[PDB]
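Everything below belongs to entry.csv, which stores CSV, N, CA, C and O atoms.
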chain,number,residue,atom,x,y,z
M,75,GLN,N,-7.8,32.1,20.7
M,75,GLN,CA,-7.6,31.2,21.9
M,75,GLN,C,-7.9,32.1,23.2
M,75,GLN,O,-7.4,33.1,23.4
M,76,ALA,N,-8.8,31.6,24.0
M,76,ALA,CA,-9.4,32.4,25.1
M,76,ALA,C,-8.9,32.0,26.5
M,76,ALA,O,-8.4,30.9,26.7
M,77,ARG,N,-8.9,33.0,27.4
M,77,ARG,CA,-8.5,32.8,28.8
M,77,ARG,C,-9.7,32.9,29.7
M,77,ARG,O,-10.6,33.8,29.4
M,78,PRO,N,-9.7,32.2,30.8
M,78,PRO,CA,-10.7,32.6,31.9
M,78,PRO,C,-10.1,33.9,32.6
M,78,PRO,O,-8.9,34.0,32.9
M,79,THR,N,-11.0,34.9,32.8
M,79,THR,CA,-10.5,36.2,33.2
M,79,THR,C,-11.5,36.7,34.2
M,79,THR,O,-12.7,36.6,34.0
M,80,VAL,N,-11.0,37.1,35.4
M,80,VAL,CA,-11.8,37.5,36.5
M,80,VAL,C,-12.2,38.9,36.3
M,80,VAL,O,-11.4,39.8,36.1
M,81,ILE,N,-13.5,39.2,36.3
M,81,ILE,CA,-14.0,40.6,36.4
M,81,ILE,C,-14.7,40.8,37.7
M,81,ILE,O,-15.7,40.1,38.0
M,82,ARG,N,-14.3,41.7,38.5
M,82,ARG,CA,-14.8,42.1,39.7
M,82,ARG,C,-15.4,43.5,39.8
M,82,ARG,O,-14.6,44.5,39.6
M,83,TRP,N,-16.7,43.7,40.1
M,83,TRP,CA,-17.3,45.0,40.3
M,83,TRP,C,-17.3,45.2,41.8
M,83,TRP,O,-18.1,44.5,42.6
M,84,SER,N,-16.6,46.2,42.3
M,84,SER,CA,-16.5,46.4,43.8
M,84,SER,C,-17.1,47.8,44.2
M,84,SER,O,-16.8,48.1,45.4
M,85,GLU,N,-17.9,48.5,43.4
M,85,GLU,CA,-18.5,49.7,43.8
M,85,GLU,C,-19.9,49.5,44.2
M,85,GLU,O,-20.7,50.4,44.4
M,86,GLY,N,-20.3,48.2,44.4
M,86,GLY,CA,-21.6,47.9,44.9
M,86,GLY,C,-22.8,48.2,44.0
M,86,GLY,O,-22.5,48.8,43.0
M,87,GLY,N,-24.0,47.9,44.5
M,87,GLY,CA,-25.2,48.0,43.7
M,87,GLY,C,-25.9,46.7,44.0
M,87,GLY,O,-25.4,45.9,44.8
M,88,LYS,N,-27.0,46.4,43.4
M,88,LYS,CA,-27.8,45.2,43.7
M,88,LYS,C,-27.7,44.2,42.6
M,88,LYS,O,-27.6,43.0,42.8
M,89,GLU,N,-27.8,44.7,41.4
M,89,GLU,CA,-27.8,43.8,40.2
M,89,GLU,C,-26.7,44.2,39.2
M,89,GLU,O,-26.8,45.3,38.6
M,90,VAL,N,-25.7,43.4,38.9
M,90,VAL,CA,-24.6,43.8,38.0
M,90,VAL,C,-24.5,42.8,36.7
M,90,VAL,O,-24.8,41.6,36.9
M,91,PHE,N,-24.3,43.4,35.6
M,91,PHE,CA,-23.9,42.7,34.3
M,91,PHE,C,-22.7,43.4,33.6
M,91,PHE,O,-22.4,44.5,33.9
M,92,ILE,N,-22.1,42.6,32.8
M,92,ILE,CA,-21.1,43.1,31.9
M,92,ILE,C,-21.4,42.8,30.4
M,92,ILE,O,-22.1,41.8,30.1
M,93,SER,N,-21.1,43.7,29.6
M,93,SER,CA,-21.1,43.6,28.1
M,93,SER,C,-19.8,44.2,27.6
M,93,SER,O,-19.1,45.0,28.3
M,94,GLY,N,-19.4,43.9,26.4
M,94,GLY,CA,-18.3,44.5,25.8
M,94,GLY,C,-18.0,44.2,24.4
M,94,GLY,O,-18.8,43.5,23.7
M,95,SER,N,-16.9,44.7,23.8
M,95,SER,CA,-16.5,44.5,22.5
M,95,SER,C,-16.2,43.1,22.2
M,95,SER,O,-16.2,42.7,21.0
M,96,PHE,N,-15.9,42.3,23.2
M,96,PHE,CA,-15.6,40.9,23.0
M,96,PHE,C,-16.8,40.1,22.4
M,96,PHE,O,-16.6,39.2,21.7
M,97,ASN,N,-18.0,40.5,22.8
M,97,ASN,CA,-19.2,39.9,22.1
M,97,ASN,C,-19.9,40.9,21.2
M,97,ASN,O,-21.1,40.8,20.9
M,98,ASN,N,-19.3,42.0,20.8
M,98,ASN,CA,-19.9,43.1,20.0
M,98,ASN,C,-21.0,43.8,20.6
M,98,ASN,O,-21.9,44.3,19.9
M,99,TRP,N,-21.0,43.9,22.0
M,99,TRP,CA,-22.1,44.6,22.7
M,99,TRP,C,-23.5,44.0,22.3
M,99,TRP,O,-24.5,44.7,22.2
M,100,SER,N,-23.5,42.7,22.2
M,100,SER,CA,-24.7,41.9,21.8
M,100,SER,C,-25.5,41.3,22.9
M,100,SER,O,-26.7,41.3,22.9
M,101,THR,N,-24.7,40.9,24.0
M,101,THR,CA,-25.4,40.4,25.2
M,101,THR,C,-24.7,40.8,26.5
M,101,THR,O,-23.5,41.1,26.6
M,102,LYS,N,-25.5,40.9,27.5
M,102,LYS,CA,-25.0,41.0,28.9
M,102,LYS,C,-24.9,39.7,29.8
M,102,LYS,O,-25.8,38.9,29.8
M,103,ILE,N,-23.7,39.6,30.4
M,103,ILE,CA,-23.4,38.5,31.3
M,103,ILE,C,-23.5,38.9,32.8
M,103,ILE,O,-23.0,39.9,33.2
M,104,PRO,N,-24.3,38.1,33.5
M,104,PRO,CA,-24.5,38.4,35.0
M,104,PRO,C,-23.2,38.3,35.8
M,104,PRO,O,-22.4,37.4,35.5
M,105,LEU,N,-23.1,39.2,36.8
M,105,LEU,CA,-22.0,39.0,37.7
M,105,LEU,C,-22.6,38.5,39.1
M,105,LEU,O,-23.6,39.1,39.6
M,106,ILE,N,-21.9,37.5,39.6
M,106,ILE,CA,-22.3,36.8,40.9
M,106,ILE,C,-21.9,37.6,42.1
M,106,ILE,O,-20.8,38.0,42.3
M,107,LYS,N,-22.9,37.8,43.0
M,107,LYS,CA,-22.7,38.5,44.3
M,107,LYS,C,-21.8,37.7,45.2
M,107,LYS,O,-22.0,36.4,45.3
M,108,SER,N,-20.9,38.4,46.0
M,108,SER,CA,-20.1,37.8,47.0
M,108,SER,C,-19.4,38.8,47.9
M,108,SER,O,-18.3,39.3,47.5
M,109,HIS,N,-20.0,39.1,49.1
M,109,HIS,CA,-19.5,40.0,50.1
M,109,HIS,C,-19.2,41.5,49.7
M,109,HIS,O,-18.0,41.9,49.7
M,110,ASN,N,-20.3,42.2,49.5
M,110,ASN,CA,-20.2,43.6,48.9
M,110,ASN,C,-19.9,43.6,47.4
M,110,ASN,O,-20.0,44.7,46.8
M,111,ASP,N,-19.6,42.5,46.8
M,111,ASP,CA,-18.9,42.4,45.6
M,111,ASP,C,-19.6,41.5,44.5
M,111,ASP,O,-20.4,40.7,44.9
M,112,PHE,N,-19.3,41.8,43.3
M,112,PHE,CA,-19.9,41.1,42.1
M,112,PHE,C,-18.8,40.6,41.2
M,112,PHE,O,-17.9,41.3,40.9
M,113,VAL,N,-18.9,39.3,40.9
M,113,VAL,CA,-17.8,38.8,40.1
M,113,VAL,C,-18.2,37.8,39.0
M,113,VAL,O,-19.3,37.2,39.0
M,114,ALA,N,-17.4,37.8,37.9
M,114,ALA,CA,-17.7,36.9,36.9
M,114,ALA,C,-16.3,36.4,36.4
M,114,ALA,O,-15.3,37.1,36.6
M,115,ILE,N,-16.3,35.3,35.7
M,115,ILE,CA,-15.1,34.9,35.0
M,115,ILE,C,-15.4,34.7,33.5
M,115,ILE,O,-16.3,34.1,33.1
M,116,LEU,N,-14.5,35.4,32.7
M,116,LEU,CA,-14.8,35.5,31.3
M,116,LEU,C,-13.8,34.8,30.4
M,116,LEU,O,-12.6,35.0,30.6
M,117,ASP,N,-14.2,34.0,29.5
M,117,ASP,CA,-13.4,33.4,28.4
M,117,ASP,C,-13.1,34.4,27.3
M,117,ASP,O,-13.8,34.6,26.4
M,118,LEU,N,-12.0,35.1,27.5
M,118,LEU,CA,-11.6,36.1,26.5
M,118,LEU,C,-10.3,35.9,25.8
M,118,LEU,O,-9.3,35.7,26.4
M,119,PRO,N,-10.3,36.1,24.5
M,119,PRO,CA,-9.1,36.0,23.7
M,119,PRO,C,-8.0,37.0,24.1
M,119,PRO,O,-8.3,38.0,24.6
M,120,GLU,N,-6.7,36.6,23.9
M,120,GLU,CA,-5.6,37.5,24.1
M,120,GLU,C,-6.0,38.9,23.5
M,120,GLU,O,-6.8,39.0,22.5
M,121,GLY,N,-5.4,39.9,24.0
M,121,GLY,CA,-5.6,41.3,23.5
M,121,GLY,C,-6.5,42.2,24.3
M,121,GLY,O,-6.8,41.8,25.5
M,122,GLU,N,-6.9,43.3,23.7
M,122,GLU,CA,-7.5,44.3,24.4
M,122,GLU,C,-9.0,44.3,24.1
M,122,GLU,O,-9.3,44.0,23.0
M,123,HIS,N,-9.8,44.5,25.1
M,123,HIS,CA,-11.3,44.5,25.0
M,123,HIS,C,-11.8,45.7,25.7
M,123,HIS,O,-11.2,46.1,26.7
M,124,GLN,N,-12.8,46.3,25.2
M,124,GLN,CA,-13.6,47.4,25.9
M,124,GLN,C,-14.8,46.8,26.5
M,124,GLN,O,-15.4,45.9,26.0
M,125,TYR,N,-15.2,47.3,27.7
M,125,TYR,CA,-16.3,46.7,28.4
M,125,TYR,C,-17.0,47.7,29.3
M,125,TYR,O,-16.4,48.8,29.6
M,126,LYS,N,-18.2,47.4,29.7
M,126,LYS,CA,-18.9,48.3,30.6
M,126,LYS,C,-19.9,47.5,31.3
M,126,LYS,O,-20.3,46.4,30.9
M,127,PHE,N,-20.4,48.0,32.5
M,127,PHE,CA,-21.3,47.4,33.3
M,127,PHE,C,-22.7,47.9,33.3
M,127,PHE,O,-22.9,49.2,33.2
M,128,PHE,N,-23.7,47.1,33.4
M,128,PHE,CA,-25.0,47.5,33.6
M,128,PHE,C,-25.4,47.2,35.1
M,128,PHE,O,-25.7,46.1,35.5
M,129,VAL,N,-25.4,48.3,35.9
M,129,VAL,CA,-25.6,48.2,37.3
M,129,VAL,C,-26.9,48.9,37.8
M,129,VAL,O,-27.1,50.2,37.6
M,130,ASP,N,-27.8,48.2,38.3
M,130,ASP,CA,-29.2,48.6,38.8
M,130,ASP,C,-29.8,49.5,37.7
M,130,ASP,O,-30.4,50.6,37.9
M,131,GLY,N,-29.7,49.0,36.4
M,131,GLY,CA,-30.4,49.6,35.3
M,131,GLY,C,-29.7,50.7,34.5
M,131,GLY,O,-30.2,51.4,33.7
M,132,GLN,N,-28.4,50.9,34.9
M,132,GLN,CA,-27.6,52.0,34.3
M,132,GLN,C,-26.3,51.5,33.8
M,132,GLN,O,-25.6,50.8,34.5
M,133,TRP,N,-25.9,51.9,32.6
M,133,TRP,CA,-24.6,51.7,32.0
M,133,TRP,C,-23.5,52.5,32.7
M,133,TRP,O,-23.5,53.7,32.6
M,134,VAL,N,-22.6,51.8,33.3
M,134,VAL,CA,-21.5,52.5,34.1
M,134,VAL,C,-20.2,51.8,33.9
M,134,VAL,O,-20.1,50.6,33.7
M,135,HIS,N,-19.1,52.6,34.1
M,135,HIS,CA,-17.8,52.0,34.1
M,135,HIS,C,-17.2,51.9,35.5
M,135,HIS,O,-17.6,52.5,36.5
M,136,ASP,N,-16.1,51.1,35.6
M,136,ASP,CA,-15.4,50.9,36.9
M,136,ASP,C,-14.4,52.0,37.0
M,136,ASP,O,-13.5,52.1,36.2
M,137,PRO,N,-14.6,52.9,38.0
M,137,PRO,CA,-13.6,54.0,38.1
M,137,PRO,C,-12.2,53.5,38.6
M,137,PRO,O,-11.2,54.3,38.6
M,138,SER,N,-12.1,52.2,39.0
M,138,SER,CA,-10.7,51.8,39.5
M,138,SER,C,-9.9,51.1,38.3
M,138,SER,O,-8.7,50.7,38.6
M,139,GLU,N,-10.5,50.9,37.2
M,139,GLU,CA,-9.9,50.2,36.0
M,139,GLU,C,-9.6,51.2,34.9
M,139,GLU,O,-10.3,52.3,34.9
M,140,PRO,N,-8.7,51.0,34.0
M,140,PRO,CA,-8.4,51.9,32.9
M,140,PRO,C,-9.7,52.2,32.0
M,140,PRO,O,-10.5,51.3,31.9
M,141,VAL,N,-9.7,53.3,31.4
M,141,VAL,CA,-10.8,53.6,30.5
M,141,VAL,C,-10.3,54.2,29.2
M,141,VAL,O,-9.2,54.7,29.1
M,142,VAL,N,-11.2,54.1,28.2
M,142,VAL,CA,-10.9,54.6,26.9
M,142,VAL,C,-12.3,55.2,26.3
M,142,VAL,O,-13.3,54.8,26.8
M,143,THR,N,-12.1,56.0,25.3
M,143,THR,CA,-13.3,56.5,24.5
M,143,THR,C,-13.6,55.7,23.2
M,143,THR,O,-12.7,55.6,22.4
M,144,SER,N,-14.8,55.2,23.1
M,144,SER,CA,-15.1,54.4,21.9
M,144,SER,C,-15.2,55.2,20.6
M,144,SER,O,-15.1,56.5,20.7
M,145,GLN,N,-15.3,54.5,19.5
M,145,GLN,CA,-15.6,55.1,18.2
M,145,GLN,C,-17.0,55.9,18.2
M,145,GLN,O,-17.2,56.9,17.5
M,146,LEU,N,-17.9,55.3,19.1
M,146,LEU,CA,-19.1,56.0,19.3
M,146,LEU,C,-19.0,57.2,20.3
M,146,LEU,O,-20.0,57.9,20.4
M,147,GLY,N,-17.9,57.5,20.8
M,147,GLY,CA,-17.7,58.5,21.9
M,147,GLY,C,-18.0,58.2,23.3
M,147,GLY,O,-17.9,59.0,24.2
M,148,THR,N,-18.3,56.9,23.6
M,148,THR,CA,-18.6,56.4,25.0
M,148,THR,C,-17.4,56.2,25.9
M,148,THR,O,-16.3,56.1,25.3
M,149,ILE,N,-17.5,56.2,27.2
M,149,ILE,CA,-16.4,55.9,28.1
M,149,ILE,C,-16.6,54.4,28.5
M,149,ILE,O,-17.6,54.0,29.1
M,150,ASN,N,-15.6,53.6,28.1
M,150,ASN,CA,-15.7,52.2,28.3
M,150,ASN,C,-14.5,51.8,29.2
M,150,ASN,O,-13.4,52.4,29.1
M,151,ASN,N,-14.6,50.7,29.9
M,151,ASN,CA,-13.3,50.2,30.6
M,151,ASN,C,-12.5,49.4,29.5
M,151,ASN,O,-13.1,49.0,28.6
M,152,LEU,N,-11.2,49.4,29.7
M,152,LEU,CA,-10.4,48.6,28.8
M,152,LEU,C,-9.7,47.5,29.7
M,152,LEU,O,-9.1,47.8,30.8
M,153,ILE,N,-9.7,46.3,29.2
M,153,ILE,CA,-8.9,45.2,29.8
M,153,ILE,C,-7.9,44.6,28.8
M,153,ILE,O,-8.3,44.5,27.6
M,154,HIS,N,-6.7,44.4,29.2
M,154,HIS,CA,-5.8,43.7,28.4
M,154,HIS,C,-5.7,42.2,28.9
M,154,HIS,O,-5.4,42.0,30.1
M,155,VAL,N,-5.9,41.3,28.0
M,155,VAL,CA,-5.8,39.9,28.2
M,155,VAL,C,-4.4,39.4,27.7
M,155,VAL,O,-4.1,39.6,26.5
M,156,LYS,N,-3.6,38.9,28.6
M,156,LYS,CA,-2.2,38.4,28.3
M,156,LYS,C,-2.2,37.2,27.4
M,156,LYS,O,-3.2,36.3,27.6
M,157,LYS,N,-1.3,37.0,26.5
M,157,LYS,CA,-1.2,35.8,25.7
M,157,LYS,C,-0.8,34.7,26.7
M,157,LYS,O,0.0,34.9,27.6
M,158,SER,N,-1.4,33.5,26.5
M,158,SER,CA,-1.0,32.3,27.3
M,158,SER,C,-0.1,31.3,26.6
M,158,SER,O,0.1,30.2,27.2
M,159,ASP,N,0.4,31.6,25.4
M,159,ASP,CA,1.4,30.9,24.7
M,159,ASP,C,2.5,30.3,25.5
M,159,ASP,O,3.3,31.0,26.2
M,160,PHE,N,2.6,28.9,25.6
M,160,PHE,CA,3.8,28.3,26.2
M,160,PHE,C,3.7,28.3,27.7
M,160,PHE,O,4.7,27.8,28.4
M,161,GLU,N,2.6,28.7,28.3
M,161,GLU,CA,2.5,28.6,29.8
M,161,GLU,C,2.4,27.3,30.4
M,161,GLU,O,2.5,27.2,31.6
M,162,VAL,N,2.2,26.2,29.6
M,162,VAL,CA,2.3,24.8,30.1
M,162,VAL,C,3.7,24.4,30.7
M,162,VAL,O,3.8,23.6,31.5
M,163,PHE,N,4.7,25.0,30.2
M,163,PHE,CA,6.1,24.5,30.5
M,163,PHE,C,6.6,25.1,31.8
M,163,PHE,O,6.3,26.2,32.1

Hey, can you dump this file as structure tokens for me?
Amino acid sequence: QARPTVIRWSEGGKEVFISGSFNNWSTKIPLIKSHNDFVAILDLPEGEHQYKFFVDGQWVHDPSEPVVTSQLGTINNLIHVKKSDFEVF
């Protein structure tokens, strides 16, 4: 079960994308420009996901978010998605 999740890239650049473990590093999703900033909203299942940005042609992490080292040895950002069980009530 997935949540809408806001991802904001605020270190600037001209063209931003995100990819991550949530889609097995299979595709990049564009981030929309808005006042120095790039944002996307992602449908992501509860739990922890690793992710990284493709900014002006370079794979880069957000230095303001937590990071982790992959099985491949890469530095990826980590997001925890909270469970939304029973939030209707």

### Task
Would you list the contacts of stretch 126-143 of chain M as a PyMOL selection string, taking every protein, DNA or RNA residue within 8 Å and counting all atoms listed in the file, but skipping same-chain residues closer than 2 positions in sequence?
chain M and resi 82-95+101-105+123-124+145-153

Dump N, CA, C and O atoms for the selected residues as a short mmCIF file (atom, residue, chain, number, x, y, z; two decimals), keeping the file's coordinate frame?
data_model
loop_
_atom_site.label_atom_id
_atom_site.label_comp_id
_atom_site.auth_asym_id
_atom_site.auth_seq_id
_atom_site.Cartn_x
_atom_site.Cartn_y
_atom_site.Cartn_z
N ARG M 82 -14.30 41.70 38.50
CA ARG M 82 -14.80 42.10 39.70
C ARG M 82 -15.40 43.50 39.80
O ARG M 82 -14.60 44.50 39.60
N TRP M 83 -16.70 43.70 40.10
CA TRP M 83 -17.30 45.00 40.30
C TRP M 83 -17.30 45.20 41.80
O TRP M 83 -18.10 44.50 42.60
N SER M 84 -16.60 46.20 42.30
CA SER M 84 -16.50 46.40 43.80
C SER M 84 -17.10 47.80 44.20
O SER M 84 -16.80 48.10 45.40
N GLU M 85 -17.90 48.50 43.40
CA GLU M 85 -18.50 49.70 43.80
C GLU M 85 -19.90 49.50 44.20
O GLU M 85 -20.70 50.40 44.40
N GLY M 86 -20.30 48.20 44.40
CA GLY M 86 -21.60 47.90 44.90
C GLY M 86 -22.80 48.20 44.00
O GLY M 86 -22.50 48.80 43.00
N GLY M 87 -24.00 47.90 44.50
CA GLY M 87 -25.20 48.00 43.70
C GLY M 87 -25.90 46.70 44.00
O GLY M 87 -25.40 45.90 44.80
N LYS M 88 -27.00 46.40 43.40
CA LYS M 88 -27.80 45.20 43.70
C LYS M 88 -27.70 44.20 42.60
O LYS M 88 -27.60 43.00 42.80
N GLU M 89 -27.80 44.70 41.40
CA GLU M 89 -27.80 43.80 40.20
C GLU M 89 -26.70 44.20 39.20
O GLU M 89 -26.80 45.30 38.60
N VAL M 90 -25.70 43.40 38.90
CA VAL M 90 -24.60 43.80 38.00
C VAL M 90 -24.50 42.80 36.70
O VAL M 90 -24.80 41.60 36.90
N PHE M 91 -24.30 43.40 35.60
CA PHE M 91 -23.90 42.70 34.30
C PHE M 91 -22.70 43.40 33.60
O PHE M 91 -22.40 44.50 33.90
N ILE M 92 -22.10 42.60 32.80
CA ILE M 92 -21.10 43.10 31.90
C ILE M 92 -21.40 42.80 30.40
O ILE M 92 -22.10 41.80 30.10
N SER M 93 -21.10 43.70 29.60
CA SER M 93 -21.10 43.60 28.10
C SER M 93 -19.80 44.20 27.60
O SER M 93 -19.10 45.00 28.30
N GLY M 94 -19.40 43.90 26.40
CA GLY M 94 -18.30 44.50 25.80
C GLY M 94 -18.00 44.20 24.40
O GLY M 94 -18.80 43.50 23.70
N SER M 95 -16.90 44.70 23.80
CA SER M 95 -16.50 44.50 22.50
C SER M 95 -16.20 43.10 22.20
O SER M 95 -16.20 42.70 21.00
N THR M 101 -24.70 40.90 24.00
CA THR M 101 -25.40 40.40 25.20
C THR M 101 -24.70 40.80 26.50
O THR M 101 -23.50 41.10 26.60
N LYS M 102 -25.50 40.90 27.50
CA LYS M 102 -25.00 41.00 28.90
C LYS M 102 -24.90 39.70 29.80
O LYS M 102 -25.80 38.90 29.80
N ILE M 103 -23.70 39.60 30.40
CA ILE M 103 -23.40 38.50 31.30
C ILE M 103 -23.50 38.90 32.80
O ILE M 103 -23.00 39.90 33.20
N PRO M 104 -24.30 38.10 33.50
CA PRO M 104 -24.50 38.40 35.00
C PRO M 104 -23.20 38.30 35.80
O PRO M 104 -22.40 37.40 35.50
N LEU M 105 -23.10 39.20 36.80
CA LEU M 105 -22.00 39.00 37.70
C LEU M 105 -22.60 38.50 39.10
O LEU M 105 -23.60 39.10 39.60
N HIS M 123 -9.80 44.50 25.10
CA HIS M 123 -11.30 44.50 25.00
C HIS M 123 -11.80 45.70 25.70
O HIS M 123 -11.20 46.10 26.70
N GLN M 124 -12.80 46.30 25.20
CA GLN M 124 -13.60 47.40 25.90
C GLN M 124 -14.80 46.80 26.50
O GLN M 124 -15.40 45.90 26.00
N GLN M 145 -15.30 54.50 19.50
CA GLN M 145 -15.60 55.10 18.20
C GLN M 145 -17.00 55.90 18.20
O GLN M 145 -17.20 56.90 17.50
N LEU M 146 -17.90 55.30 19.10
CA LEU M 146 -19.10 56.00 19.30
C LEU M 146 -19.00 57.20 20.30
O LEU M 146 -20.00 57.90 20.40
N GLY M 147 -17.90 57.50 20.80
CA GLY M 147 -17.70 58.50 21.90
C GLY M 147 -18.00 58.20 23.30
O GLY M 147 -17.90 59.00 24.20
N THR M 148 -18.30 56.90 23.60
CA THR M 148 -18.60 56.40 25.00
C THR M 148 -17.40 56.20 25.90
O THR M 148 -16.30 56.10 25.30
N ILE M 149 -17.50 56.20 27.20
CA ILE M 149 -16.40 55.90 28.10
C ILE M 149 -16.60 54.40 28.50
O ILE M 149 -17.60 54.00 29.10
N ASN M 150 -15.60 53.60 28.10
CA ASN M 150 -15.70 52.20 28.30
C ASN M 150 -14.50 51.80 29.20
O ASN M 150 -13.40 52.40 29.10
N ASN M 151 -14.60 50.70 29.90
CA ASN M 151 -13.30 50.20 30.60
C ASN M 151 -12.50 49.40 29.50
O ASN M 151 -13.10 49.00 28.60
N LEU M 152 -11.20 49.40 29.70
CA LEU M 152 -10.40 48.60 28.80
C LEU M 152 -9.70 47.50 29.70
O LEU M 152 -9.10 47.80 30.80
N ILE M 153 -9.70 46.30 29.20
CA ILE M 153 -8.90 45.20 29.80
C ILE M 153 -7.90 44.60 28.80
O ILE M 153 -8.30 44.50 27.60
#

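Separating atom CA of residue M:119 from atom CA of residue M:155 is a distance of 6.8 Å.
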
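Between atom CA of residue M:79 and atom CA of residue M:99 lies a distance of 17.8 Å.
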
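Interatomic distance, atom CA of residue M:75 to atom CA of residue M:100: 20.2 Å.
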
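With all atoms listed in the file as the basis for measurement, M:77 is the residue among M:162, M:77, M:157, M:97 that approaches residue M:116 most closely.
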
### Message
as a PyMOL selection string, please: every residue in stretch 90-128 of chain M that DSSP puts in strand (DSSP E).
### Response
chain M and resi 90-94+103-104+106-107+112-119+121-128

Those residues with N, CA, C and O atoms, as a compact mmCIF listing (two decimals), keeping the file's coordinate frame please?
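Result file out.txt:
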# COMPACT_ATOMS: atom_id res chain seq x y z
N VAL M 90 -25.70 43.40 38.90
CA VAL M 90 -24.60 43.80 38.00
C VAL M 90 -24.50 42.80 36.70
O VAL M 90 -24.80 41.60 36.90
N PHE M 91 -24.30 43.40 35.60
CA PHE M 91 -23.90 42.70 34.30
C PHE M 91 -22.70 43.40 33.60
O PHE M 91 -22.40 44.50 33.90
N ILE M 92 -22.10 42.60 32.80
CA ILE M 92 -21.10 43.10 31.90
C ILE M 92 -21.40 42.80 30.40
O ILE M 92 -22.10 41.80 30.10
N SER M 93 -21.10 43.70 29.60
CA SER M 93 -21.10 43.60 28.10
C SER M 93 -19.80 44.20 27.60
O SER M 93 -19.10 45.00 28.30
N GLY M 94 -19.40 43.90 26.40
CA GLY M 94 -18.30 44.50 25.80
C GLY M 94 -18.00 44.20 24.40
O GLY M 94 -18.80 43.50 23.70
N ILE M 103 -23.70 39.60 30.40
CA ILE M 103 -23.40 38.50 31.30
C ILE M 103 -23.50 38.90 32.80
O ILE M 103 -23.00 39.90 33.20
N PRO M 104 -24.30 38.10 33.50
CA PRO M 104 -24.50 38.40 35.00
C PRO M 104 -23.20 38.30 35.80
O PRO M 104 -22.40 37.40 35.50
N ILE M 106 -21.90 37.50 39.60
CA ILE M 106 -22.30 36.80 40.90
C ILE M 106 -21.90 37.60 42.10
O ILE M 106 -20.80 38.00 42.30
N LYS M 107 -22.90 37.80 43.00
CA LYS M 107 -22.70 38.50 44.30
C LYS M 107 -21.80 37.70 45.20
O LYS M 107 -22.00 36.40 45.30
N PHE M 112 -19.30 41.80 43.30
CA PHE M 112 -19.90 41.10 42.10
C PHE M 112 -18.80 40.60 41.20
O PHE M 112 -17.90 41.30 40.90
N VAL M 113 -18.90 39.30 40.90
CA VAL M 113 -17.80 38.80 40.10
C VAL M 113 -18.20 37.80 39.00
O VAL M 113 -19.30 37.20 39.00
N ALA M 114 -17.40 37.80 37.90
CA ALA M 114 -17.70 36.90 36.90
C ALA M 114 -16.30 36.40 36.40
O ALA M 114 -15.30 37.10 36.60
N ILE M 115 -16.30 35.30 35.70
CA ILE M 115 -15.10 34.90 35.00
C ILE M 115 -15.40 34.70 33.50
O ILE M 115 -16.30 34.10 33.10
N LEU M 116 -14.50 35.40 32.70
CA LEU M 116 -14.80 35.50 31.30
C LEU M 116 -13.80 34.80 30.40
O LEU M 116 -12.60 35.00 30.60
N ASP M 117 -14.20 34.00 29.50
CA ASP M 117 -13.40 33.40 28.40
C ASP M 117 -13.10 34.40 27.30
O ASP M 117 -13.80 34.60 26.40
N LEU M 118 -12.00 35.10 27.50
CA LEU M 118 -11.60 36.10 26.50
C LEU M 118 -10.30 35.90 25.80
O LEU M 118 -9.30 35.70 26.40
N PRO M 119 -10.30 36.10 24.50
CA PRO M 119 -9.10 36.00 23.70
C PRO M 119 -8.00 37.00 24.10
O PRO M 119 -8.30 38.00 24.60
N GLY M 121 -5.40 39.90 24.00
CA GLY M 121 -5.60 41.30 23.50
C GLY M 121 -6.50 42.20 24.30
O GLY M 121 -6.80 41.80 25.50
N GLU M 122 -6.90 43.30 23.70
CA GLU M 122 -7.50 44.30 24.40
C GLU M 122 -9.00 44.30 24.10
O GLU M 122 -9.30 44.00 23.00
N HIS M 123 -9.80 44.50 25.10
CA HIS M 123 -11.30 44.50 25.00
C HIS M 123 -11.80 45.70 25.70
O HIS M 123 -11.20 46.10 26.70
N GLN M 124 -12.80 46.30 25.20
CA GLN M 124 -13.60 47.40 25.90
C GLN M 124 -14.80 46.80 26.50
O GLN M 124 -15.40 45.90 26.00
N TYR M 125 -15.20 47.30 27.70
CA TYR M 125 -16.30 46.70 28.40
C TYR M 125 -17.00 47.70 29.30
O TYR M 125 -16.40 48.80 29.60
N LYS M 126 -18.20 47.40 29.70
CA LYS M 126 -18.90 48.30 30.60
C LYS M 126 -19.90 47.50 31.30
O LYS M 126 -20.30 46.40 30.90
N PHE M 127 -20.40 48.00 32.50
CA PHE M 127 -21.30 47.40 33.30
C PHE M 127 -22.70 47.90 33.30
O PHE M 127 -22.90 49.20 33.20
N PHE M 128 -23.70 47.10 33.40
CA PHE M 128 -25.00 47.50 33.60
C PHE M 128 -25.40 47.20 35.10
O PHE M 128 -25.70 46.10 35.50

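Using only N, CA, C and O atoms, the shortest contact distance between residue M:156 and any of M:121, M:81, M:96, M:144 is found at M:121.
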